[PDB]
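Comments concern the structure below.
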Amino acid sequence: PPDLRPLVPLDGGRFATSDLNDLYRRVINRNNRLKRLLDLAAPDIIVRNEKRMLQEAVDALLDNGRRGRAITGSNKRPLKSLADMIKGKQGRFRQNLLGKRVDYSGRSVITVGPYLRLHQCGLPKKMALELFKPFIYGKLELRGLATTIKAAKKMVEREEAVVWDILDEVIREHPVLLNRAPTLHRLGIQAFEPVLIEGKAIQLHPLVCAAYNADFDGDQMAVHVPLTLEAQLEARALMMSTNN
Amino acid sequence: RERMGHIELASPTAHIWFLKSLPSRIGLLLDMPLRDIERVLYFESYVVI
Amino acid sequence: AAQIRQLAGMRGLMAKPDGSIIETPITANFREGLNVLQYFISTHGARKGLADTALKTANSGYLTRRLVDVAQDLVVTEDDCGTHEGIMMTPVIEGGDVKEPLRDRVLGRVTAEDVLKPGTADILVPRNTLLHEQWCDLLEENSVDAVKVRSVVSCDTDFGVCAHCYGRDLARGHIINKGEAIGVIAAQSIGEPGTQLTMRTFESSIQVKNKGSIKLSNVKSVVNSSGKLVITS
Amino acid sequence: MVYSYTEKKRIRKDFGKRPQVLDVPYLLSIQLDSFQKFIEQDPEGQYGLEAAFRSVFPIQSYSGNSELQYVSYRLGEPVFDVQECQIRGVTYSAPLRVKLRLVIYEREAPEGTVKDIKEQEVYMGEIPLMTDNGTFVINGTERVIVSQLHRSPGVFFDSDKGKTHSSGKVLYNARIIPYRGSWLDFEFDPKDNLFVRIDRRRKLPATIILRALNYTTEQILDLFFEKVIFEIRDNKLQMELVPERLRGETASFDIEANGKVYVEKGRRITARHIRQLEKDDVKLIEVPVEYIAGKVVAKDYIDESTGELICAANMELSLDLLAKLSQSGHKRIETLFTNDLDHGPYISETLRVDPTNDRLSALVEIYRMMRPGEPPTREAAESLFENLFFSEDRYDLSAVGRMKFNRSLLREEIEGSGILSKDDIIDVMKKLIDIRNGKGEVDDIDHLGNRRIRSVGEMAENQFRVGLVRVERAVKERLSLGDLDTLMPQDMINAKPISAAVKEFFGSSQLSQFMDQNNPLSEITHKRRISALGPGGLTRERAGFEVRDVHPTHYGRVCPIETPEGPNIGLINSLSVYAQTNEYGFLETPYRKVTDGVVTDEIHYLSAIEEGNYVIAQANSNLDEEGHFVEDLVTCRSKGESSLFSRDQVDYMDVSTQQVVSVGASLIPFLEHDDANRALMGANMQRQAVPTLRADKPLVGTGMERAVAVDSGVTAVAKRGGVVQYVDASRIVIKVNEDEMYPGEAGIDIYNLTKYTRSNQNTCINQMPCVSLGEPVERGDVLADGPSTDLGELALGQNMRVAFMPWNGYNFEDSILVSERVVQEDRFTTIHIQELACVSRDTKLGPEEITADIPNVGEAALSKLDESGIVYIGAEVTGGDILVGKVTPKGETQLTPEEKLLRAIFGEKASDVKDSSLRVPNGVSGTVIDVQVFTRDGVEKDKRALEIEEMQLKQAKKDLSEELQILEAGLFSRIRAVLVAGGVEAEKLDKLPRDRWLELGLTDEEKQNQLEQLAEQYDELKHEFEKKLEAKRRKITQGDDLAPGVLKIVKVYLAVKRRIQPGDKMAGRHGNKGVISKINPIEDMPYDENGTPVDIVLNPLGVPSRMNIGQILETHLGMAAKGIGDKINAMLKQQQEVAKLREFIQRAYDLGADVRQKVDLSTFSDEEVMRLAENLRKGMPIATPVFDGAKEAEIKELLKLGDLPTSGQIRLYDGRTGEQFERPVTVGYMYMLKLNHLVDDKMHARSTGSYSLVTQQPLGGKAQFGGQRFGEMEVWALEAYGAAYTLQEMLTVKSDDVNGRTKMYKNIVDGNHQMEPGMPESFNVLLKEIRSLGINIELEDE
Amino acid sequence: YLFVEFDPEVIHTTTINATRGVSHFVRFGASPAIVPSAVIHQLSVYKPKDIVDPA
RNA sequence: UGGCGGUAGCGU
DNA sequence: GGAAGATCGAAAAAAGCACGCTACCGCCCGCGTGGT
DNA sequence: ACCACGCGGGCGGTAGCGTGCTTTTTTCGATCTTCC
Ligand SMILES: [Zn+2]
């Protein structure tokens, strides 16, 4: 389908063409030439050569570089054929199926919070506001402060005091998942109770650093927000720092 | 995102997944060497039927 | 001890990249000043370690990925296999030093069959009991070394393993629950310490260092002219 | 010594015991000189464009009548300078104009004499020029070409460790590597034969190439193997015998000469037997008949009676063959001497295996292997073999390649031909055979003598040669096709291929890297970098352990400390301080020659190969007077090892202790007390420092800061000495001295300091004036300090009060606690400049234009914009504001009466023009500081561009007016003196204007003649200045070249003042790094007895673990320096007399233990002492050399000089409680750096944003506002926990379920936490992909 | 498509492959294909046809 | 506001 | 007692080479045409 | 002279381009070795 091979505009009057479209165009042109020459009563040698070219074009489309010389585009690199972007590290299996980008996520450096409890983690107020935006909108609609989603959008943008109170109330005991980039074992991702802090750095419990293999040398940590009752109970019971 | 097209090839072409992925499926089925299949597919030698 | 020794004492011998030991060691303290030659000599080990870590992280990650794949579909799906066959577990001793004792090796595991008291033909533990700390202490009090314990490799359950044949959860006092993804946990546990490892490529008689009796296994021998025994096995 | 003017302001105390003999050379000399060799005219054709032109030109077509020759080349004057190219975005380059002569011979004349000649100059593209700072300006961007470490051309011998066949037998190989041509390889096999491989293709027997070289079988046998002659004597066929040939073989027969049995049959030969045989001088001996049969026959023998070959070459003989030869009448035969211990029959075995028989068969086989599928013919095979190695056009061995080839073969001729010869191949094969036998040793690939450095010049020359040969073949075809009479050189050649190749090399090459601009040290390190990566080099993954290691030959050439950590470990290195490149390309180091036990001051540059032969003493060797060594035994490096040697065996000594380390590593004080890993990471990290608001000099330094600051182009350096006539924050005008006057010029020079210009890393570049009005200056002095530079000294950080102690866990594990006073004083506040670009192009419907009027926007949004449509300069802007208003036509247009009539009617033509105004990105705030407008020719210019042009013209007019004012003042003084020489007219002249002075005339004499001559000179000078101003105005108003389609570009610069905050990355110079944890109040930090609180608190727990003791020593030294500065400030506060200040400063400077530096304050004129004390009021800088720094005794003495404890630890009180601390803590002053890793820059948080259009997944990256990626190990960790609902929510609801996303959003808005699984879109994409691959895949419902 | 008559021993195949304008030899397998003389003879004379292919 | 390639860097 | 199954090492083809993140650059057919 | 597209495909050449891994799997000259 064309949507699986989109023609993204380049914002300069040109269209970026994917490798699949170019390979399909090559195959179509070769097939049309073969049909035209067959209708022309061409000699046996020419027909055989055209059939061989059609076979090679189909070969390049199905799996480029499998046999002979890999077909190269304007970049002087082999084209990403149909099977090229299925297998490998960049294939659909290992890039869009096993692991995928998710919403309601943030990332920042980690500092040491000595006052934090074992089940608590310091979260910046900006992250709490941005990540819990749908929850803030729902609470604002329930309280009657705003009548529509747009009014809640303006209220959140303007940073009203009622917005801050709503943010404090709605994330009072909503667990969040903290994860480090080299997640070796299951302890690399753990649930924590957010505590509103100022600044721009996530505060981490000193005790959990050993299990996290976490370094206050500038390491970066990511935070995700469970957003259903099942996930909230699951993080509270199975993945909280007090349960490990 | 769902509708798919089709192209009517002038002449049949084999699938390389069953031809070059060792062991060759056509060669195993027909009990012929892989190079014979490669030669006949790439228009090198006539094959009796 | 090594780091403080390097700080206040001599740095000791250093090794060239080929692995050979340099005749002249570094006799300068970190508190004192190291000349250019000593620093140039010492840089070799640091460079080797950094390169080893850099080129070993990827290998460890690949091994962890393969291990987590090979056991991704293994979960607990039963409570008891009923099999009376298990692995024969004894403490491991290498040379003149005991590597791992029985108590730590069989902690949090279930016996495949009832272990009897040595020499009395009296049962010491039940057939299907889980060996916790008290059971291990009782077993070691009676000087027991050989125990038949149920193992995952002998789990008779198909399309998964049974809770009993696995053992303790190793993270909670109770036994393993039903439905836990033991395969992923095991693979991650094996693959995590891969970084701690290293990728670096580098007697005519027996001695006794303790007091005790001597026992022989798989032996046929003969007495020599002087009377000393010589083994023919 | 006489201190320089900039040095007299603030002299840094030096603690170096060793006296320096050689000054630090220019750091960038590796680059600039190289580029000179690429552009300087060369009388002989071996370097630069001249060599390429001589290699390519001349040309002869298929018809000999036509010819084209090259005369000379000239580099044109660049249109714009560095600054104009940088601002305008054009590439800094110069035209390349070459003189070409087209000669048409007389076709009718058989001898082909000249008939017509046409000489003309032709332009063949723009060659990019490289700035005086060692950088390139490509497409308006600053790029740097790094050197490449590559295997040198020549013959290299290698031997694998026997793992190939897995029995311990090693397979030797010899590789011939030309600069340009076909790599050749000779390899051994387990069967002990020789195989030749060309370009890593199929192996062939090595004798094939010898046969193809017109060598017969017998010639090869004689050349590769010695022969033993067996002659038919009266009986037993006595042979000439050499005793040494009998070593190591069992006596198969009794040996006897002159009737004396030396040994009998069946007994092993002994060395005593060999010596006895040599003493006997035996030349003839008896031979059993069976002994000859074991040997093989070398020369084929034929008999005239039989007419057939009884024997041939190279096969095993036998008894029947021996009898046939004996009866044939032949009496003399020659056999091979085969001894398995030392002379293996590898050549004979290879020849037996070889199926070729003559030259034609070998050539046919070589052609078939070279080009499979082509018909083997005699002429084609001959041509291919001749061109493979014996053609200068195809095979080219460089001069360094020839030198290495001759050195490895032990030939005494360094110079030689650039092509291979038969003798060279024969010698290579013989050397390989000798290596296999045991004689000699294999070469080391990691040896620095086998690795060459290719600079920018060599790669540029290679790319130029490629373009030149392309244009050469193109011009060959054009000349052959075209009509000779009417062909002109300009249209004859095409500059497209050469220009394209040059542009691609300069812009898109792997080694053409974006130059960093964090600090001058980073730029210096980047310029002086050697990378094995690149074309014809090692790959990141396929590197191996061995190459990344530090070879012993790296001493003095490549520092072992400064190298990137991670994937690029051991592959990227930095040049040493004294390292330099030889003419061949090998690195060399300076050394001091030691003769007769004394160390002379003369220096010699020894390369890597020559270093091994001699023995060199270490730099840290004590020397008494006359240069004798105090110790009987000195440590030395003789052959890749360190050992003790006697005093009189030394031949060379290291120049300085900084030779081993690089410039970046040498900047770290107390390096000898730092661990190798910590020092490595500190040296790497120093390049990431960001300049602060105010540059603060390092209290503890290494003395190399001045060299780094001066060598870098960040600071302004006075080209000529003089006095500062005019000093200003914008420009500095200096009147040069009478001694240094260039003839025929005004005598003033103007420096325009760059101000608040964005760097490559979005960092502000600020140049601040240093000198004052009337202050004399001299050549080489610093006039204005660049970024992170103080008084001509590089300063990447600030001196802060540091106390080592845990503080309530806020310093847990390398965390840093920062007092509020740091934020209050803006010590580490930084400025960041960001670029925002708006493009107005020509669309199909209609061209877009910038206008103030924008649809459906409030007046508040348009308030920031001007009438033209661009935000005012200096206006504070935030996220969502409109910096520039742009509207694009849509739907319909070209209806102006309706537009005028309906400008505000309810239709408002909203669909006709849609808003496309550039807006500030969300989360970005700052102040607009610069606006640039670029407009293509033929398009009406807006008023803002007119104002920018008027400002530029005003600046140029001001400079030209200053110059003209100086010149006219001089000329009018001259004319006044001339008039006074005649009619004085003093009273009226004082009352008369100078142009009325020109108006006045004198009587007819020589005075009137010179008066009118001076008037003519005056008007000529005025006209010349008018022409110069007109040219400058024309250059300013010249239109800018834009991309096809865009007609205007607007660039806006936003300045952001970033202050320190928790989460920012801070660190020192010893590799200790951390993140700010809490901005503690000033009243909470611990304070001393005097009540002064500390600024930074560091955790001591990190000191013993990393073994970086140097930071503690630096802290103690900084404490001592700050105590000295405190004493100076105290004596300055009492208004004490200059005598006491002089005495105290002299006492402070004279402290030490036989330091090389001596300071005499008696020659400071009693006035510069006050300035020095004012500069030293903050503190006294101390220069601590790298490996020759101050000891503990000197530090303790310096501390005792001030009123400070000798132990370096004081008593502190807790700020909050006020109670005494149980133990004294270590306080002092430490140099802290702010890294380029800001916490606010790492901020990223997304709840619901844009999604990819192919996989329906959230985007990635902070700029694109995308969520974080849940990796595979994250899924595995969730599975280990037993997480199922959370995993499903992560995989479907949050990422791919398009319906699920909307349902969940509407549920959360409604307050219900209900989840719908749906089905991921990526699974459907995969299903469609597999279906399109001809493979059925469907979901089975039942 | 272009038919070429020449002797390989006079002009080598590599030279023809390097001729300007010619892309590559029509080769089946390693060796270039040889056109039989009958095909050339039949294509030289009566191969052209007045039938219009583009409709 | 889409990706590909190259380069450099951060964290292990 | 010269051929057919075994094999044996030697050569050749194929697949994989940790994860997150940040910034910059360049590039997003390509040249040979046809009407004006 | 620029502006726009339209059929093709490695490139420019009257040839040749590559050139520092390891492990697994497949095939084949060539023996070999056992014997039909
Ligand atoms: Zn079981």
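Following the order of the structure tokens, first chain is A, next is B, and so on, with residues numbered from 1 inside each chain and ligands from 1 in the order they appear.
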
Please identify all protein, DNA and RNA residues within 7 Å of ligand 1, counting only C-alpha atoms (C1' of nucleotides) and all ligand atoms, and report them as a list in words.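 The distance check yields residues 80, 81, 152, 154, 155, 156, 157, 161, 162, 163, 164, 165 and 166 of chain C.
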
Mind dumping a table of every chain H residue within 7 Å of chain D, with the nearest atom pair and its distance in Å to one decimal, using only C-alpha atoms (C1' of nucleotides), sorted by chain and rising number, as a tab-separated table?
```
residue	atom	partner	partner_atom	distance
H:18	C1'	D:199	CA	6.4
H:19	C1'	D:199	CA	5.9
H:20	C1'	D:538	CA	6.7
H:21	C1'	D:542	CA	6.7
```

How about saving the chosen residues, C-alpha atoms (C1' of nucleotides) kept, as a short mmCIF file (atom, residue, chain, number, x, y, z; two decimals), in the first residue's frame?
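Final output, saved to part-v1.cif:
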```
data_model
loop_
_atom_site.label_atom_id
_atom_site.label_comp_id
_atom_site.auth_asym_id
_atom_site.auth_seq_id
_atom_site.Cartn_x
_atom_site.Cartn_y
_atom_site.Cartn_z
"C1'" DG H 18 38.84 -4.30 -3.21
"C1'" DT H 19 43.00 -4.66 0.11
"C1'" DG H 20 43.42 -5.33 9.21
"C1'" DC H 21 36.80 -10.92 12.11
#
```

Find the residues of chain E in contact range of chain D, meaning any atom within 9 Å when counting only C-alpha atoms, and list them as a ChimeraX atom specification. /E:8-9,12-14,29-32

Given a cut-off of 12 Å, which residues of chain G touch chain C, counting only C-alpha atoms (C1' of nucleotides), written out as number ranges by chain? G: 16-19

Tell me which protein, DNA and RNA residues are within 12 Å of residue 130 in chain C, counting only C-alpha atoms (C1' of nucleotides), leaving out same-chain ones fewer than 4 positions away, and put them as a PyMOL selection string. chain C and resi 106-114+125-126+134-136+149-150+163-169+173-176

Near residue 2 in chain F, counting only C-alpha atoms (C1' of nucleotides), which residues have an atom at most 12 Å away, once you skip same-chain residues fewer than 4 positions from it, shown as JSON, numbers by chain? {"A": [5, 6, 7, 8, 9, 10, 11, 15, 16, 17, 18], "D": [1250, 1251, 1252, 1253, 1254, 1255, 1259, 1260, 1264], "G": [28]}

May I have the residues of chain A within 10 Å of chain G, counting only C-alpha atoms (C1' of nucleotides), written as a VMD selection string? chain A and resid 8 10 14 to 18 22 73 to 75 88 to 89 107 to 108 180 to 184 220 to 222

File dump, residues just selected, N, CA, C and O atoms, as an mmCIF file, in the first residue's frame:
```
data_model
loop_
_atom_site.group_PDB
_atom_site.id
_atom_site.type_symbol
_atom_site.label_atom_id
_atom_site.label_comp_id
_atom_site.auth_asym_id
_atom_site.auth_seq_id
_atom_site.Cartn_x
_atom_site.Cartn_y
_atom_site.Cartn_z
ATOM 1 N N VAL A 8 7.179 11.690 1.518
ATOM 2 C CA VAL A 8 7.205 12.817 2.459
ATOM 3 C C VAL A 8 7.650 14.079 1.728
ATOM 4 O O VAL A 8 8.697 14.067 1.055
ATOM 5 N N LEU A 10 9.455 17.581 1.047
ATOM 6 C CA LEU A 10 10.731 18.102 1.513
ATOM 7 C C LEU A 10 10.677 19.580 1.873
ATOM 8 O O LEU A 10 11.720 20.163 2.185
ATOM 9 N N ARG A 14 10.274 19.651 -3.556
ATOM 10 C CA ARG A 14 10.718 18.325 -3.954
ATOM 11 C C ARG A 14 10.082 17.274 -3.054
ATOM 12 O O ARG A 14 9.610 17.569 -1.953
ATOM 13 N N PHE A 15 10.073 16.036 -3.542
ATOM 14 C CA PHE A 15 9.514 14.903 -2.817
ATOM 15 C C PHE A 15 10.607 13.879 -2.563
ATOM 16 O O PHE A 15 11.324 13.488 -3.489
ATOM 17 N N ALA A 16 10.733 13.448 -1.311
ATOM 18 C CA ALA A 16 11.683 12.402 -0.956
ATOM 19 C C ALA A 16 11.096 11.047 -1.331
ATOM 20 O O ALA A 16 9.994 10.698 -0.891
ATOM 21 N N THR A 17 11.827 10.285 -2.138
ATOM 22 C CA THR A 17 11.351 9.010 -2.657
ATOM 23 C C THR A 17 11.993 7.864 -1.889
ATOM 24 O O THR A 17 13.221 7.799 -1.773
ATOM 25 N N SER A 18 11.162 6.967 -1.368
ATOM 26 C CA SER A 18 11.666 5.799 -0.667
ATOM 27 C C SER A 18 12.256 4.795 -1.655
ATOM 28 O O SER A 18 11.995 4.838 -2.860
ATOM 29 N N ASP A 22 11.248 3.334 -5.799
ATOM 30 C CA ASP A 22 12.214 3.261 -6.891
ATOM 31 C C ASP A 22 12.345 1.838 -7.423
ATOM 32 O O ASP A 22 12.407 1.625 -8.641
ATOM 33 N N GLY A 73 21.500 3.522 -5.078
ATOM 34 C CA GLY A 73 20.811 4.736 -5.464
ATOM 35 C C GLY A 73 21.737 5.928 -5.558
ATOM 36 O O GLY A 73 22.942 5.797 -5.792
ATOM 37 N N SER A 74 21.160 7.119 -5.372
ATOM 38 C CA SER A 74 21.938 8.350 -5.448
ATOM 39 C C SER A 74 22.946 8.476 -4.313
ATOM 40 O O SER A 74 23.908 9.240 -4.440
ATOM 41 N N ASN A 75 22.751 7.751 -3.216
ATOM 42 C CA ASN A 75 23.648 7.814 -2.070
ATOM 43 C C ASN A 75 24.839 6.875 -2.194
ATOM 44 O O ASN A 75 25.659 6.817 -1.272
ATOM 45 N N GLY A 88 17.341 -7.874 10.534
ATOM 46 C CA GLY A 88 18.403 -7.029 11.037
ATOM 47 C C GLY A 88 17.987 -6.209 12.243
ATOM 48 O O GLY A 88 16.855 -6.260 12.726
ATOM 49 N N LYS A 89 18.950 -5.428 12.738
ATOM 50 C CA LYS A 89 18.699 -4.581 13.899
ATOM 51 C C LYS A 89 17.695 -3.481 13.577
ATOM 52 O O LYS A 89 16.890 -3.098 14.433
ATOM 53 N N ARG A 107 12.766 12.307 30.561
ATOM 54 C CA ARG A 107 14.143 11.888 30.786
ATOM 55 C C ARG A 107 14.953 13.073 31.289
ATOM 56 O O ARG A 107 14.818 14.183 30.770
ATOM 57 N N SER A 108 15.797 12.828 32.290
ATOM 58 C CA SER A 108 16.669 13.884 32.800
ATOM 59 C C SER A 108 17.765 13.269 33.658
ATOM 60 O O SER A 108 17.780 12.065 33.918
ATOM 61 N N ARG A 180 16.839 3.091 33.966
ATOM 62 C CA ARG A 180 18.133 3.483 33.434
ATOM 63 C C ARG A 180 18.352 2.841 32.069
ATOM 64 O O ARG A 180 17.767 1.806 31.744
ATOM 65 N N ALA A 181 19.202 3.479 31.264
ATOM 66 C CA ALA A 181 19.415 3.012 29.895
ATOM 67 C C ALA A 181 19.962 1.591 29.825
ATOM 68 O O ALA A 181 19.404 0.780 29.065
ATOM 69 N N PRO A 182 21.021 1.209 30.563
ATOM 70 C CA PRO A 182 21.468 -0.201 30.494
ATOM 71 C C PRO A 182 20.719 -1.097 31.480
ATOM 72 O O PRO A 182 21.206 -1.475 32.548
ATOM 73 N N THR A 183 19.488 -1.453 31.112
ATOM 74 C CA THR A 183 18.630 -2.281 31.961
ATOM 75 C C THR A 183 19.108 -3.727 31.873
ATOM 76 O O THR A 183 18.607 -4.543 31.098
ATOM 77 N N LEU A 184 20.104 -4.047 32.702
ATOM 78 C CA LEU A 184 20.673 -5.390 32.691
ATOM 79 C C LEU A 184 19.693 -6.404 33.271
ATOM 80 O O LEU A 184 19.296 -7.360 32.596
ATOM 81 N N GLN A 220 21.714 9.698 33.067
ATOM 82 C CA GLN A 220 20.353 10.055 32.708
ATOM 83 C C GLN A 220 19.405 8.905 33.010
ATOM 84 O O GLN A 220 19.738 7.733 32.802
ATOM 85 N N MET A 221 18.228 9.259 33.517
ATOM 86 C CA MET A 221 17.174 8.320 33.855
ATOM 87 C C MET A 221 15.886 8.754 33.174
ATOM 88 O O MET A 221 15.645 9.948 32.961
ATOM 89 N N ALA A 222 15.058 7.769 32.838
ATOM 90 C CA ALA A 222 13.780 7.999 32.187
ATOM 91 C C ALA A 222 12.643 7.645 33.136
ATOM 92 O O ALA A 222 12.764 6.745 33.971
#
```

Can you pull out every residue from range 80-243 of chain A that DSSP, working from the backbone, puts in strand (DSSP E or B), and format the result as number ranges by chain? A: 100-101, 105-112, 120-124, 176-180, 189-197, 202-204, 220-224, 240

Residues of chain A within 7 Å of chain D: nearest atom pair and distance (Å, one decimal) for each, counting only C-alpha atoms, sorted by chain and number, as a tab-separated table?
```
residue	atom	partner	partner_atom	distance
A:3	CA	D:1254	CA	6.7
A:4	CA	D:1254	CA	5.6
A:62	CA	D:1333	CA	6.8
A:92	CA	D:1326	CA	6.9
A:96	CA	D:1322	CA	6.5
A:97	CA	D:1322	CA	6.8
A:98	CA	D:1272	CA	5.9
A:99	CA	D:1271	CA	4.8
A:100	CA	D:1270	CA	5.5
A:101	CA	D:1269	CA	3.9
A:102	CA	D:1295	CA	5.1
A:103	CA	D:1267	CA	5.1
A:104	CA	D:1247	CA	4.1
A:105	CA	D:1267	CA	5.4
A:106	CA	D:1245	CA	4.1
A:107	CA	D:1244	CA	5.7
A:108	CA	D:1242	CA	5.7
A:109	CA	D:1063	CA	6.1
A:110	CA	D:1063	CA	6.9
A:111	CA	D:1077	CA	5.6
A:112	CA	D:1077	CA	6.3
A:114	CA	D:809	CA	5.6
A:127	CA	D:1245	CA	6.1
A:130	CA	D:1247	CA	6.3
A:131	CA	D:1247	CA	5.0
A:133	CA	D:1247	CA	6.8
A:134	CA	D:1309	CA	5.9
A:135	CA	D:1308	CA	6.3
A:137	CA	D:1309	CA	6.2
A:138	CA	D:1309	CA	4.1
A:183	CA	D:1273	CA	5.7
A:184	CA	D:1273	CA	6.9
A:185	CA	D:1277	CA	6.1
A:186	CA	D:1277	CA	4.1
A:199	CA	D:1062	CA	6.5
A:200	CA	D:1240	CA	6.5
A:201	CA	D:1063	CA	5.1
A:216	CA	D:1074	CA	6.1
A:217	CA	D:1074	CA	4.5
A:218	CA	D:1075	CA	5.9
A:227	CA	D:1313	CA	6.9
A:228	CA	D:1313	CA	4.6
A:229	CA	D:1313	CA	5.9
A:230	CA	D:1285	CA	6.5
A:231	CA	D:1286	CA	5.0
A:238	CA	D:1281	CA	6.7
A:239	CA	D:1281	CA	6.9
```

Residues of chain B that approach chain G to 12 Å or less, counting only C-alpha atoms (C1' of nucleotides): could you list each one with the shortest pair of atoms and its distance in Å to one decimal, rows by chain and increasing residue number, as a tab-separated table?
```
residue	atom	partner	partner_atom	distance
B:20	CA	G:13	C1'	10.7
B:21	CA	G:14	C1'	9.3
B:22	CA	G:14	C1'	9.1
B:23	CA	G:14	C1'	11.9
```

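For residue 7 in chain F, the list of residues within 8 Å, based on only C-alpha atoms (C1' of nucleotides) and with local chain neighbours fewer than 3 positions off taken out, reads residues 510, 511, 513 and 514 of chain D; 25 of chain G.
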
Under the rule of at most 10 Å, produce a per-residue listing of chain E near chain A: chain, number, name, the closest pair of atoms, and the distance in Å, as a Markdown table, using only C-alpha atoms.
```
| residue | atom | partner | partner_atom | distance |
| --- | --- | --- | --- | --- |
| E:1 | CA | A:46 | CA | 8.2 |
| E:26 | CA | A:49 | CA | 7.2 |
| E:27 | CA | A:49 | CA | 8.4 |
| E:28 | CA | A:49 | CA | 8.2 |
| E:33 | CA | A:45 | CA | 8.7 |
| E:34 | CA | A:45 | CA | 9.4 |
| E:35 | CA | A:45 | CA | 7.6 |
| E:36 | CA | A:45 | CA | 9.7 |
| E:39 | CA | A:43 | CA | 7.4 |
| E:40 | CA | A:43 | CA | 9.5 |
| E:42 | CA | A:43 | CA | 9.6 |
| E:43 | CA | A:43 | CA | 8.2 |
| E:47 | CA | A:42 | CA | 9.0 |
| E:48 | CA | A:40 | CA | 10.0 |
| E:49 | CA | A:40 | CA | 9.3 |
| E:51 | CA | A:40 | CA | 9.3 |
| E:52 | CA | A:40 | CA | 9.8 |
| E:53 | CA | A:40 | CA | 7.5 |
| E:54 | CA | A:36 | CA | 9.3 |
```

Contacts of range 1120-1129 of chain D at 10 Å or less, counting only C-alpha atoms (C1' of nucleotides), minus same-chain residues fewer than 6 places along, as a PyMOL selection string? chain D and resi 699-700+799+801+1114+1141+1144-1145+1148+1173-1182+1195-1206+1208+1228-1229

Interatomic distance (Å, one decimal) between CA of residue 1163 in chain D and CA of residue 791 in chain D: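 Interatomic distance here is 21.5 Å.
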
Work out how far apart CA of residue 1134 in chain D and CA of residue 825 in chain D are and give it in Å to one decimal.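 Computed distance, CA of residue 1134 in chain D to CA of residue 825 in chain D, equals 26.1 Å.
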